[PDB]
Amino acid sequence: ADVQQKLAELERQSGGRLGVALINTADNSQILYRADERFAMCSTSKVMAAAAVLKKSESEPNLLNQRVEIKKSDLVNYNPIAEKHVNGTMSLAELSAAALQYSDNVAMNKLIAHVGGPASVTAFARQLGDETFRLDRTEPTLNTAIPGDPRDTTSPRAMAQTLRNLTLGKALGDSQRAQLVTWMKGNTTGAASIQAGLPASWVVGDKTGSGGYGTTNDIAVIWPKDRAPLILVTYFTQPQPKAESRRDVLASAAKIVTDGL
């Protein structure tokens, strides 16, 4: 109740629309705020694409070593790793790491293409029991985040439950689960988001997202000091098409829902 009042106050001050889902595995409890509303995932969808590749690799052992050509024609709007590999190849493992740890959009497109496209990533989500996630488009258009548009959205509740399954549950084989967690723990883009609202000693694997309408997102698995793990999704979007990012709102939400732990 106090947590709910604090999240509502944060949302009001922010000017936008805030979605939160915390799962606390210590007691199997949740804290939810707009957790059944849809939000544009933006780059947080890269977790599902990498997980789909990891699942495929369980029955294709050479898969992560498979080479993928990077061409000038593959470049999109944000290519921090891929732009260094034009005219060479990258492995699917390298593309997964680049997508998850640098939010590289060429890398995401290669993961999407490899598994068969956005509808295949979506079908993988369905196979896991997530009937909310939808990936409609490739990069860069999947980030438009237009209000009222259900494309490329999920809900905080669904993403938290699915991220729990992927990182702490049994969606993936042990090797593949460990690889996903290792990749997320090595993310370079999340220090101002959920991490900024947690004590410095806590260990975080997260994936951020940003897009149109000032959309600012983060999804995380969290190992608090001497506590059972948490899963936290913080999604945020704003009324103005050119609104600036608000990572501070995600940090504030993370602090609110973990205060007392």
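A residue's number is simply how far along the shown sequence it sits, counting from 1.
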Entry B factor averaged over C-alpha atoms, 105-113 against 85-93: higher for 85-93
Of 3-11 and 250-258, the stretch whose C-alpha atoms average the higher B-factor in the entry:
3-11
If you check the C-alpha B-factor for each of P118, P156, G169, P147 in the entry, which is highest?
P147
Highest Cα B-factor in the PDB entry belongs to which of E139, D174, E131, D136?
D174
Could you place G16 in the lowest, middle or highest third of its chain by Cα temperature factor, using the values in the record?
middle
Would you please rank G209 by its C-alpha temperature factor against the other modelled residues of its chain and give the third it falls in: lowest, middle or highest?
lowest
Taking the chain's C-alpha temperature factors as the reference, tell me which third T234 falls into: lowest, middle or highest.
lowest
Rank-wise, by C-alpha B-factor, drop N77 into the lowest, middle or highest third of its chain.
highest
Third of chain Cα B-factors occupied by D36
middle
